[PDB]
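The structure appears below as structure tokens.
Quick reminder, even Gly has a Cβ in these numbers, built from the backbone with ideal geometry, and neighbours come from all protein chains shown. Readers should treat all values here as calculations from the given coordinates under stated rules, not as data from a laboratory.
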Amino acid sequence: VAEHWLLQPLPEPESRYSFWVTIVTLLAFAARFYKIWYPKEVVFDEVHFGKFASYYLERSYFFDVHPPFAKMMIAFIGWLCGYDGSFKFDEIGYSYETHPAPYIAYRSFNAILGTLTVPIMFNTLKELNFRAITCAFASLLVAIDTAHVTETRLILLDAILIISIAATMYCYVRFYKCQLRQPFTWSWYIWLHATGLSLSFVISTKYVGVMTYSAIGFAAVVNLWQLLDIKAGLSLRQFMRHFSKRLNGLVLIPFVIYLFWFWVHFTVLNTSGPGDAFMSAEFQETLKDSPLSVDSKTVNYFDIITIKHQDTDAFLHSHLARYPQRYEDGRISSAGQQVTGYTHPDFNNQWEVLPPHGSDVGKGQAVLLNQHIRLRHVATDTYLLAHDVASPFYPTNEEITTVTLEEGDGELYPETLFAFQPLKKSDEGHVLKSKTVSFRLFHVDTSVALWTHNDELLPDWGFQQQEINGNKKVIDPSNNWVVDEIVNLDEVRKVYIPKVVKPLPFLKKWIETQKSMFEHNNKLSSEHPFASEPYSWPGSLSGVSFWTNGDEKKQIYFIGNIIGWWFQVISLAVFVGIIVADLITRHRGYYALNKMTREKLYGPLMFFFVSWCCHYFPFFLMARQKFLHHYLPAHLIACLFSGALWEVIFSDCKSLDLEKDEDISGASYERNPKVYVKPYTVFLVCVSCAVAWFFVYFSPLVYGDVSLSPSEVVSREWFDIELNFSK
Amino acid sequence: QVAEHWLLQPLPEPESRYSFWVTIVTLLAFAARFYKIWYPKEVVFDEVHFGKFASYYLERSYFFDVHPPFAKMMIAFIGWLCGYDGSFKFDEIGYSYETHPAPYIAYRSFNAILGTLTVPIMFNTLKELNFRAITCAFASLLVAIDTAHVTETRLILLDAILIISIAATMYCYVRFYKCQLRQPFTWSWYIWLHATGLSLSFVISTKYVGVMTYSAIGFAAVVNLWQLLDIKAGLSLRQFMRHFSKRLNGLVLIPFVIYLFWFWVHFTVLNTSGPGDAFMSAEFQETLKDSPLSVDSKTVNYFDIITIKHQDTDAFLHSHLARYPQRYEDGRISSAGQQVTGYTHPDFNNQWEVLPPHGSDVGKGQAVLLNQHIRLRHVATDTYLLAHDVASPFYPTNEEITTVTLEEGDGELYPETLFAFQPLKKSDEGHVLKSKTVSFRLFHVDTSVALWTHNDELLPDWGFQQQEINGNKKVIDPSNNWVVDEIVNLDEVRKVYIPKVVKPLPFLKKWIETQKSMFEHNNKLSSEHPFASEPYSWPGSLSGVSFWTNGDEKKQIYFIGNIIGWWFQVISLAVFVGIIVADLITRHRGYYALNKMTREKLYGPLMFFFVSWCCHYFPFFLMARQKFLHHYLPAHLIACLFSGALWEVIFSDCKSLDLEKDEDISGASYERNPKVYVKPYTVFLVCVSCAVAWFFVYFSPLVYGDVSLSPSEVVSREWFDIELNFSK
Amino acid sequence: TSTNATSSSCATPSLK
């Protein structure tokens, strides 16, 4: 693919490329470093990534849905500044003056990466044999894009993502040119492993990096398909050598580097922290106690405990009121004592943990997960019970009640047996601890889990409390409980108690964290006001508010350069039209396009078009929340594509003979199609001036540094762009 | 053209062999669908919807569902042929067709005919693709005795009409394509083109999932138009444009006109106001007449004298000077109070005055609101209606309904005289009560019972063989429903009816409005049915759907695929992908393993069915409404065709004559009549057919619901996320 | 009342 085009000498002297790359890099630097100290407050997702940088410096375990590499790079800048992690970035608008985080250093690090993206983009087109002005223009579309500028000056992961994607595209183009010239050279190995390294940084930043693996993977498979052809003149042994070396450089080594970042993450984060609630008790045993205080108090037999629901914050509660003999649907209840979910701490939340009848287990022995227990309600002196009676609201779920001590020590003994069932089978037989160990309150006889909900409350006979029922869907994550408090805790157990750190194998630790990452990422389905669908992104039809100051009437708003984005939408549509027209005309025996024009169209332009498709279309298959920033990888590729496309349009594209296919072996074709440089440069200058005018017009919203009058705010409201201070 | 040499061959066997096998598999399909078609004598699954949508057609009331009207109008048309009036509403699962005789056997029989006729269309599709008679028989048998296709096509569902229309579309397109290969623009070419279009119209007019069938045929039609655009096809751009314009007309424009025709019929039939009105604009509702019930409906006011009529038994709330016997026949003690009974004839003893509660400021001419406390005074005996903690004559758990004197009812027994016209829906609380149109429960305030009556047993000689009126503790029971029939003391001013002036609208405006509402409501409607299933589980038939259960007999209908059969289907699809990948790899190495005729079968009919299966399967991963196994049902018809075909192709002499030469090169010699290894192929097909038939027999109690299974036999059929009733 | 397994064998929704 594009062998004759990509093996040409550069169309211009290197001094012209060096001139234009310097100019566009200086523009990119100026746009990102402009007022980088402003605002002196926490902006948007700086609340998350600044906070994660602080937890790395404190060595406090956290859990997030994103791989660790980009957050560790941010934390590493804090570490170089001697920052201790004291400031937490808790809310948007928090002043950096009261608690000095090195926010200028963090923002400057991202501004450097955003600036360095521009010369990588330039050099990608240079290596694809495009003119220096074409390389300049495509890189300018990223240098002065309002969305790329806003994101790459704040403490966000996207600066690290976007440079890693740009580096991946560049390294793969370099690898492919080495493959065309001479495979298995030292340079061929360097560029193969550099593509793999860059691909590893992409997926180690965000899981959307799978789209970059898909783009490079497709191009690598297309080239392996050409090398498998008998016409390539390769033996099957030489083909297998290509396959095994590419598999190693593009899959195996990048996967080892991806695992290395998790190994660093778990080695740095060796202290208990806000992430503990997302992990098993066995994982938490690998963490040291915080130098601070931990309420993870061991639960013993004969401890009086409160049991709290994780999703509704309700306590397991009981009182002397009884279920009505019939529910409203006419089902018969036990007329037993009510067990309900109550959101306020009281004496009716108190349950004593008792061992099974005839056990040798005494006072002060720890309760283990998945052991049989009984729960005695302290206020009514009754045992918790579940039975084959249907619950008030759910005909398939069991009513939860309580029984007298005499009856519960008699025939109903099996129906009083519960277990603190662990969320993970790996955690069976671990010591139960308050606040840190989530469990299902599992009934042994009927095999149900205790469950509660807050969408519907019990009628007046149940005091408008939450229903407690025996859910047959035991594995349901909504069946999760925690021991909140131990009411009868001895004074010796109140003071801090050390912990023997237990080792866990790295792969077990990584598999657990990885499952938790994917499960929590798939649960991000709430409604968010700034969420946007893939169809709106190429038009930049809506944006995201990043920061607002009410007193100064100033705001930061995340939006694309609309002139630049449309120009790219038009470019994508024009290219599809050109490819369809070329295919139709060829099928009619009419060969309109020169061989060299086709090598540009079906080589670099098709590579970028398919790469854009890989970063755009998969989002239509995603049911989770999505946002405009998810399109920045696709926009980055669309900038390269649009620059390249318009050079082709302004080239002498005509075949020498419209009746002859120049792709036939031995056909004469024009090897150096003339670019119409004068009209092409005028066209690029006109588009560049329009994109620059838009960037200047929106610059108050990119920087947040200028107060706009309400009429000036409203003049920037179009489509679904809602701005603050329009009134 | 694709598979030109294969599809232009004579049939591989005499027509008598095809006629034999098509007859046998059609008789098996008939036997499987018509077996006990009268049972269960109850409403099953979505019969609650389609049955209702039908009835509403017979009554001419306007409804609105997310589905095009054609299949519901076909169901309603069977009811119309039976002289059915639409009286029965199919409100709940388990409702006895014996209570209100709806022509349910005729509706089920219509679907069983369509399900049976699908099988010979499938057979003839493979016959026209030049496959052997045994191959045609086997592929059609996989649909004839599939448990899911059988269950759906014997109940009052839309899927029988959908599946036959998809089968007819595939058949008509194959016939069209053979006419295209032989001689384009013949009379037969036009017939089959318009028959494909007609069948495609019936698919999309049944359910919007029919767009997948348009996509499958559209892809095949575009592939063939692409071959006709090639120069090496000598097609003058004018001849190509003639192909394009005729296919556009036959496959898009005419089917779209027929689709609009069904909406034109729908709006012409449904010309009266109905339950659909709430989904439409006031301008649309102005095109509807008033319901016959709404014309005669009068607001009920306090101090109106009314007759109250039971919905299920047509009996009026009635009372007379006769008294309950001091003891009933079982020795229970009655109140010896005045009798309240159900009487089927209009008389003076049916007359009740609606009075407000004592001390209310509510005067003559104020409307009664639903769920307000009221008192009922019997006009003939001058007594208040009363309910109390005394058991009824026939039902020991239900309350005796009686009447009390005005003095006692204004004294200590005042709470026991308080009733409410309780609405059937909580949304209707506080609405104005109207005669004939507003159903309610006559609810007693103190004891929380609803007045109820029945006609299976009549009171003894002391109750004049009248219906019992009792206080049912099962308040929510649909049999507790009453209506105000007449207002006896209606003022002359309130008698005057002003007919609504029906305003006309542009059919296209009416259609655009209904169509927008259809798409908006289809996209919304968010719930979690205990039977929704994701596309990845369908080819395995890993879960099913409960359609009906009888608690007393421990019987159930369960919707599931023939696992052995659906799994044959899957394993095939995988083998074919393996064959295509192996053919592509070997050719790229200059090794030509497969004969030209084997490739024409693989890249023609098998690829056509494979892409058609892809069009009916993969788009569901990109949707998000509730999805239930029925859709893999359409795609299963298509993949059964595919399976038979691929396995016949496999048991054939597939070898090229020369492994170093491409037989696709013009002038290459190739074997034109590859031998089928008929003996081992027939043994293989018989073994698979016996396994599929064994599974169908083993699951037949769950297909028919006609046999009670022991709990151990139920548990023995829990094969995967299959949850069955009566496993305990 | 006995809990019972599966569900009440329901229909599928029809808009509002």
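Convert each backbone phi in the range B:75-81 into a coupling constant with the Karplus relation 6.51 cos²θ - 1.76 cosθ + 1.60 (shift: θ = phi - 60°), then list the ³J(HN,Hα) values in order as whole Hz, x for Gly and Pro.
These are the phi-based 3J(HN,Hα) values: 4, 3, 4, 5, x, 4, 5 Hz.
As a test of the formula, what do you get for the protein assembly as shown when each DSSP H run with n ≥ 4 contributes -39,500 (n - 2.57) and the sum is divided by the residue count, at 222 nm and rounded to the nearest 500 deg cm²/dmol?
Theoretical 222 nm ellipticity from helices: -13500 deg cm²/dmol.
Can you work out the FRET efficiency for the pair B:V502 and B:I571, with r the C-beta to C-beta distance and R0 = 45 Å, to the nearest 0.05?
0.15
As I understand it, the value is the acute angle between the Cα axis of helix B:507-523 and the longest principal axis of the Cα atoms of chain B; what does it come to in degrees, rounded to 10?
90 degrees
Could you state the orientation-averaged shadow area of the convex hull built on the Cα atoms of the range B:590-720, in nm² to one decimal?
12.4 nm²
If amide H atoms are built 1.01 Å from N in the plane of the peptide, which residues on other chains or at least 5 residues away come under 5 Å of the amide H of A:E485?
Amide H neighbours of A:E485, under 5 Å, 5+ apart: A:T306.
log10 I(q)/I(0), Debye, Cα-only the protein assembly as shown, no solvent, q = 0.04, 0.05, 0.07 Å⁻¹?
Cα-only, vacuum Debye calculation for the protein assembly as shown: -0.36, -0.56, -1.10.
Could you tell me which residue out of B:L288, B:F263, B:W352 lies farthest along the dipole of the range B:223-359 toward its positive end? Charges go on the beta carbon: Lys and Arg +1, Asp and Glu -1, centred on the Cα centre.
Projecting each Cα onto the dipole axis, the largest value belongs to B:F263.
Treating the range B:607-670 as a set of equal point scatterers at the Cα positions, no solvent, please give the Debye-formula log₁₀ I(q)/I(0) at q = 0.20, 0.29, 0.30 Å⁻¹.
Debye curve over Cα of the range B:607-670, log10 I(q)/I(0) at q = 0.20, 0.29, 0.30 Å⁻¹: -0.84, -1.15, -1.18.
Test of understanding: ordering B:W567, A:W646, A:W225, B:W482 by Cβ neighbours within 10 Å, fewest first, what list do you get?
Sorted ascending by nearby Cβ count, the order is A:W225, B:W567, A:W646, B:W482.
Straight-line reach from C:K16: which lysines have a Cα under 17 Å away, not including same-chain ones fewer than 8 places off?
Cα-Cα hits under 17 Å: B:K52, B:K425, B:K426, B:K516, B:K524.
Report, in whole Å, the centroid distance computed from the Cα atoms of the range A:411-468 and the range B:662-716.
Comparing the Cα centres of the range A:411-468 and the range B:662-716, I get a distance of 48 Å.
Give, in whole angstrom and from largest to smallest, the semi-axes √(5λ) of the equivalent ellipsoid of the range A:304-488, with λ running over the eigenvalues of the Cα gyration tensor.
Largest first, the range A:304-488 gives 24, 18, 16 Å.
What ranking do A:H615, A:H344, B:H5, A:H242 get, fewest neighbouring Cβ atoms within 10 angstrom at the top?
A:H344, B:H5, A:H242, A:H615
To the nearest 10 degrees, how steep is helix A:253-268 against the longest Cα principal axis of chain A, on a 0 to 90 scale?
In chain A, helix A:253-268 runs at an angle near 40 degrees to the longest axis.
Report the charge-dipole magnitude of the protein assembly as shown in Debye, nearest 20, computed about the Cα centre from +1 at each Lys and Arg Cβ and -1 at each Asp and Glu Cβ.
Using Cβ point charges on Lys, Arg, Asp and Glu, the protein assembly as shown gives about 7500 debye.
Let a ≥ b ≥ c be the square roots of the eigenvalues of the Cα gyration tensor of chain B; is it rounded (a/c under 1.5), or, if not, prolate (a/b larger than b/c) or oblate?
Prolate, since a/c reaches 1.5 and a/b exceeds b/c.
Could you tell me the center-to-center distance, by alpha carbons, between the range B:601-644 and the range B:472-500 in angstrom?
53 Å
Using the beta-carbon distance between B:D361 and B:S96 and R0 = 30 Å, what value does 1/(1 + (r/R0)^6) give for FRET efficiency, to the nearest 0.05?
The value I calculate is 0.05.
Which one, B:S16, A:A592, A:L140, is farthest towards the positive end of the dipole of the protein assembly as shown when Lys and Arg carry +1 and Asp and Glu -1 on their Cβ?
A:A592
For the range A:72-95 and the range A:186-242, write down the distance between their C-alpha centroids in whole Å.
For the range A:72-95 versus the range A:186-242, the Cα centre distance is 38 Å.
Would the range A:179-230 count as rounded, prolate or oblate if I go by the C-alpha gyration tensor, calling it rounded below 1.5 in a/c and otherwise prolate when a/b exceeds b/c, oblate otherwise?
In terms of gyration-tensor shape, oblate.
Would you mind checking which residues have amide H under 5 Å from A:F63's amide H? H placed 1.01 Å from N; only 5 or more apart, or other chain.
Excluding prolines and chain starts, which carry no amide H, the hits are A:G275.
Amide H of B:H320 versus every other amide H placed in the peptide plane: which residues, excluding those fewer than 5 positions away on the same chain, fall under 5 Å?
Placed amide hydrogens put B:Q339 under 5 Å from B:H320.
Work out, step by step, the length gained on full extension between A:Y697 and A:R586: first 0.36 nm times the residue separation, then minus their alpha carbon distance; give nm to one decimal.
Between A:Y697 and A:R586, full extension yields 35.4 nm more.
Taking the simple approach of a point 7 Å from Cα along Cα-to-Cβ for both B:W511 and A:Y413, what is their distance in nm?
Roughly 7.7 nm, to one decimal.
Give the angle, between 0 and 90 degrees and rounded to the nearest 10, that separates the Cα long axis of helix B:15-34 from the longest principal axis of the Cα atoms of chain B.
Relative to chain B, helix B:15-34 is tipped by roughly 20 degrees.
Sorted by packing (mean other beta-carbon atoms within 10 Å per residue), highest first, where do A:570-576, B:559-565, A:674-680 land?
B:559-565, A:570-576, A:674-680
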